[PDB]
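Listed next as structure tokens is one chain, alone, in the form deposited in one PDB entry.
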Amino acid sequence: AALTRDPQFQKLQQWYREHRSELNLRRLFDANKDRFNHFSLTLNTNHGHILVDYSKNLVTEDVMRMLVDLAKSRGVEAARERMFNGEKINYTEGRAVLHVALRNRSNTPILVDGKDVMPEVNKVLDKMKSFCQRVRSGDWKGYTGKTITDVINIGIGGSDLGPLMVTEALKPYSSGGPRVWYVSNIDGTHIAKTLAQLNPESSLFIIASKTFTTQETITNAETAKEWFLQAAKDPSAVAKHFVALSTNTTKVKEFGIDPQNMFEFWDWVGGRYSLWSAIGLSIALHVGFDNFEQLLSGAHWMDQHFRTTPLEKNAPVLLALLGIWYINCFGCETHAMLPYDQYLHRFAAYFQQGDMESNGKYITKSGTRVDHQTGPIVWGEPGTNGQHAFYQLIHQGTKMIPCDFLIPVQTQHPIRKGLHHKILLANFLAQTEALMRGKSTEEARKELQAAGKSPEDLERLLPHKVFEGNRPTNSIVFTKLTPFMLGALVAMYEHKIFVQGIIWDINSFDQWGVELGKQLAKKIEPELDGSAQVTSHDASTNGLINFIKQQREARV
């Protein structure tokens, strides 16, 4: 594998082996008064600042230099340019990778197979805006002449997680927009409980699927269309209540959707990088087009930062490199994303797809297997909730867990003269301070003594009160979570994931690993019909199917 053969990677690993025991955050801070100044970056976007403070990490200047040299040795910059230039870097599928074109507000030509994609990107944006205006203003009427009050996006994975995460995060910007609902699971609970709350006369369904063949989505769409037709009783009414977001014109037509109701995207838009395309239509309907354009513009700002900033001061690059250090040197399996913002409650779940489906890979560009770790397991919940759920293990378990803590300085709801937000900030700051500093045996002993504990009681309780600390974090603090800032932050992590994938020599843009399960489910589906025992698989699959058939009947 390329990474393990790289001499800069070998140098980094040898240094880690030689100097690991010497890395202690407390000591690093007392030895360098300028530690925060030297291991942080501030990004001024002109619409808010982003402080990326990576100083509470187990790194020195020498480590950061070696990591930057690794990025250079692995050709990160040339790979980056291939992406932005429309070269077919998704080599297993023979596709370009151009989510950056979707938000290219500068409109510089970006060629795919010699043809600039910008005119079509902009044509779809204009179509989205025109449709959005009609719907939001009440000009677009349902089959009985009423305005649309509810928009239901039907889609799964990349056709669901982005729009849901962004509409949740930008809820304060939804004045005057219809309610939005996201139906994604094939589990019939999802569509059933949603339809029960809706009036077909005032509901608009958005069928979101890159291929337009995804089983869960098409089945959900058909269920919705049947429910709609039970009320409307006229196939022509479908054109007032169903639109499609897809790359497949043919399948959209076959489904019965009016061709003028199709909002197109392209093969070079990966689903987990698709919210910036037509897939973002539910975002624009909920928060308006100006806000959607601000979201794209924030991403564009970050794209320019990533593309033109020297590596040593390039935010996505440094976040990526710190991750390489923890993954490939320290061996940490996971990466926690902990936004101290309830509106961002689905941010970690979004990056679970963005990061894990991109970099949970093991075949390199040369077709050989990696002999080192690749993408981490990403997880998290918003602060402060997580403090009361799982931080016990982060502070006093046996796992090393790099965490990114994120927060806006300004809240959307400064209630009680800002008291809630002041407490939120204090916890955000205290948690990373605590993770770094810990509390020694003697510090804890002093506290217990001052609290009046007896010798016998102190001796028994004391060991449990000790915190080893030395647990590294990034703190990412930004002025306010506006549409623009959210766009910049999401693009920042997109690019972090890109850089890690290039260093690992894997393809961040395909997803061949989902195929086998789809294949096997198609074989099992028909076997579930009827009372007959199934014997065609391994004994477990057979046993489970037979139990399912036995219990289908039970009355409980």
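When you see a residue number, it is the position in the sequence shown, counting from 1. Rigid core (definition): largest C-alpha set, two forms, superposition within 1.5 Å.
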Decide which of the stretches 334 to 342 and 366 to 374 has the higher mean C-alpha B-factor, going by the entry.
366 to 374
Of the two stretches 143 to 151 and 428 to 436, which shows the higher Cα B-factor on average in the entry?
143 to 151
Would you mind finding, among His49, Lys56, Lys496, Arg35, the residue with the largest C-alpha temperature factor in the entry?
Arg35
Between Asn90, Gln304, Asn185, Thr247, where does the Cα B-factor run highest in the record?
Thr247
Taking the entry's C-alpha B-factors for this chain, is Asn291 in the lowest, middle or highest third?
middle
In terms of the CA temperature factor given in the entry, to which third of its chain does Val490 belong: lowest, middle or highest?
lowest
Once the chain's modelled residues are ordered by C-alpha B factor and cut into thirds, is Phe255 in the lowest, middle or highest one?
highest
Would you mind ranking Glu61 by its C-alpha B-factor against the rest of the chain and naming the third, lowest, middle or highest?
highest
When the deposited Cα B-factors of this chain's modelled residues are ordered and cut into thirds, is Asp505 in the lowest, the middle or the highest one?
middle
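Omitted from view is the form deposited in another entry, to which the following refers.
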Please look at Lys225, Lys251, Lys127, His345 and say which one has a C-alpha shift reaching 2 Å or more between the shown form and the other one, core superposed.
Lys251
